[PDB]
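Reading the structure
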Amino acid sequence: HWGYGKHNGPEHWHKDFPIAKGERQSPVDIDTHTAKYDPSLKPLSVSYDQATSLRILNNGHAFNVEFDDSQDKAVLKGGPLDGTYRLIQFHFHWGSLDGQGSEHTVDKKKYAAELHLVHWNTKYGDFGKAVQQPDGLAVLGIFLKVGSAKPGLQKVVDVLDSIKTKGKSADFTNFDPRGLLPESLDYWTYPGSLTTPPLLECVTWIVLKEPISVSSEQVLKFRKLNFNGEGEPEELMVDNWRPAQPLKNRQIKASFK
Ligand SMILES: NS(=O)(=O)c1cccc2ccccc12
Ligand code: NA
Ligand SMILES: [Zn+2]
C-alpha cells in the first residue's frame, strides 16, 4: 500500500504506521548553527575492505545493493557508536529534479539525492532482531550533488536497466562501496528512525558533512527506474524521499568545528 504518491505518500503513512508521528522520526533538517560540537566524539571507522556484494534489487521503493552480512566483512564502528555494525545493504533516495531528492536537509538545503548505507549491531545477532532495538541500526547517510561524475557509482548506474521494474534483481558481485565515500568522514549524528515504513525507532544516524558529486547523466539513469512491476503502467521511480520531520526533544551533535 505505502509509497510516495499523492494517495499513499509520507503524509499517509501514519494511518498504517502510527510511529510516523513518534518522538524520534527521521529524516530531520540539520541546523548547522545549533548542532553541538562534541570533542568527545571519535572518528568514524569504516572497514569495507572485505565487503561482499551479492545482488541488486528493485523493491518498488528504491534499489538495494545487498551484502553478505553473515560474517564481519564490511563494518562500521567508532564515531558515536558502541558496538560493531555490519553492512547489510545500501540504497538511495532521489528527486524528479536536481533541486530535491535528499531526505536530510542542511540549513533547509535539499541535495539531488541521498545514499544510505545500512548497518546492524552485531550484538543482536541479525538484522530482524536489531530493528527491534533502540540501538540496533546505524545508517551512514551521504548527500549527492550534481556535478562531476562519481566513477565508483558507474557500475551501479550501468546495471539499472536490468532491474527496471519492482521485484527484478540482478547478480551484483565484487562491488566496492568505498568508491561511494567522500574524502572527509566529518559527520553529524542523532537518534532517529527508518525513513520508510515500518519507520522503527532503532537508528543511530550518522550523516556526512561532505557530499559526493555525481553527474547529471548518472542521476538521470536513477530516474528511468520504475516503481511499478513489469507489465503495469509506467510510474517513474522519482521523489522517493520522506520530508524532514520534527526534531522534538533531540540534539544533533557534530564531530567537527
Ligand atoms: N531509509 S533508511 O532509513 O536507511 C531504511 C530504508 C529501508 C530499510 C531500512 C532498514 C533499517 C534501517 C534503515 C532502513
Ligand atoms: Na557465511
Ligand atoms: Zn534510506
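Residues numbered from 1 in each chain as written, not as in the entry; some residues may be left out. Chains lettered and ligands numbered in written order. Heavy atoms only, no water. Residues with missing side-chain atoms left out of burial classes, pairs and counts.

**Let's talk about the overall build of the protein**
Secondary structure assignment for the protein yields three helices and 15 strands. Compactness check: the protein gives a C-alpha radius of gyration of 17 Å against a globular reference of 18 Å for 257 residues, within 12% of the reference. Each of the three principal axes of the protein carries a C-alpha extent, and together these read 50 × 40 × 40 Å. Relative to all contacts within the protein whose residues are 6 or more apart in sequence, the contacts with residues 24 or more apart total 70%. (Helix = DSSP H or I, 4+ residues; strand = E, 2+ residues; numbered from the N terminus. Rg over C-alpha atoms; globule rule 2.2 N^0.38 Å. Contact = heavy atoms within 4.5 Å.)

**Quick look at the UniProt feature "active site" in the protein**
The positions UniProt marks with the feature "active site" are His61. With respect to the secondary-structure elements, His61 resides in the loop between β4 (53–58) and β5 (63–67). In contact with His61, other than residues within four places in its own chain, are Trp2, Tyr4, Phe227, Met237 and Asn240. (UniProt positions renumbered as here; feature names shortened; annotations may be inferred.)

**Some details on the site of ligand 1**
Neighbouring residues of ligand 1: 13 residues in total, closest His91, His93, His116, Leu194 and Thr195. Contact distances for ligand 1 include 3.3 Å between a nitrogen atom and a side-chain N or O atom of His91. At 3.4 Å, a side-chain N or O of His116 approaches a nitrogen atom of ligand 1. For ligand 1, whose free accessible area comes to 350 Å², the fraction covered by protein is 90%. For the shell around ligand 1, the elements supplying multiple residues, two or more each, are β7 (85–94), β9 (113–121) and β10 (137–146). Class assignment of the residues belonging to the shell around ligand 1 gives a composition of six nonpolar, six polar and one charged. (Near = heavy atom within 4 Å. Polar contact = N/O pair within 3.5 Å; in protein donor to acceptor, adjacent residues only side chain to side chain. Areas by Shrake-Rupley, 256 points an atom, 1.4 Å probe, with all protein chains shown as cover. Nonpolar A, V, L, I, M, F, W, Y, C, P; charged D, E, K, R; others polar.)

**Quick notes on the pairing of strand β13 (residues 203–208)**
Of all the six residues making up β13, six are buried; the element is thus mostly covered by neighbouring parts of the structure. Bridge count between β10 and β13: five bridges; the pairing is parallel. Bridge pairing in β13 places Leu140 opposite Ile206. Bridge count for strand β12 (residues 187–192) against β13 is six bridges, and the pairing is antiparallel. The partner of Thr189 across the bridge, within β13, is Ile206. (Buried < 20%, exposed > 50% of the residue type's maximum accessible area, 1.4 Å probe, protein only. Pairing = 2+ DSSP bridges.)

**Remarks on the coordination of the zinc ion (ligand 3)**
Working reference: metal with six octahedral donors, ideal angles 90 or 180 degrees; metal with four tetrahedral donors, ideal angle 109.5 degrees. The protein atoms that coordinate the zinc ion (ligand 3) are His91 (NE2), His93 (NE2) and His116 (ND1), at distances spanning 2.0 Å. Along the chain, the residues donating to the zinc ion (ligand 3) fall in the pattern H-x1-H-x22-H. With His93 in strand β7 and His116 in strand β9, this pair connects stretches of sequence that are 23 residues apart. We classify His116 as buried; its relative accessible area is 1%. (Donors = N, O, S within 2.8 Å, 3.2 Å for Na, K, Ca; no water.)

**Comments concerning the packing of aromatic side chains**
Here the structure, examined in full by the defined rule, presents 15 aromatic pairs. When the centroid spacing of 5.3 Å and the interplanar angle of 80° are considered together, the rings of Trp2 and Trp13 count as edge-to-face. You can see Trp2 sitting in the segment before β1 (29–30) and its partner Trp13 sitting in the segment before β1, a full 11 residues away along the chain. The residues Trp2 and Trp13 share a single accessibility class, namely buried. Both rings, one in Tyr4 and one in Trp13, keep their centres 5.6 Å apart while their planes meet at 75°; by these two values the pair is edge-to-face. Residue class for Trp13 comes out buried when judged on its relative accessible area of 2%. Within the aromatic cluster, the residues linked to one another by ring pairs are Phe63, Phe67, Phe90, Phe92, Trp94, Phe172, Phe175 and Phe222. Seen from the ring of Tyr111, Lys109 lies directly overhead, with NZ or CZ sitting 4.6 Å from the centre. Over the aromatic face of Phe172 sits the side chain of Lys155, whose NZ or CZ is 5.2 Å from the ring centroid. (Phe/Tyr/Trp six-rings, centres within 6.5 Å; stacked < 30°, edge-to-face > 60°. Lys NZ or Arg CZ within 6 Å of the ring centre and 35° of its normal.)

**Some points on the UniProt feature "binding site: Zn(2+)" in the protein**
Mapped onto this numbering, the UniProt entry gives "binding site: Zn(2+)" at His91, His93 and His116. Spanning 26 residues, the annotated positions come together in the fold, the maximum distance between their C-alpha atoms being 8.2 Å. Following the sequence through the fold, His91 ends up in strand β7. Contacts of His91, omitting those with residues within four sequence positions, involve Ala62, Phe63, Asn64, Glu114, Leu115, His116 and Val118. There is a polar contact of 2.7 Å between the side chain of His91 and the side chain of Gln89. Given the relative accessible area of 2%, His93 is considered buried. Among residues more than four places away in sequence, those in contact with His93 are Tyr4, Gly101, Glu103, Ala112, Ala113, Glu114, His116, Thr195, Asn240 and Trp241. Engagement of the side chain of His93 in a polar contact is seen with the side chain of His91, the distance being 3.2 Å.

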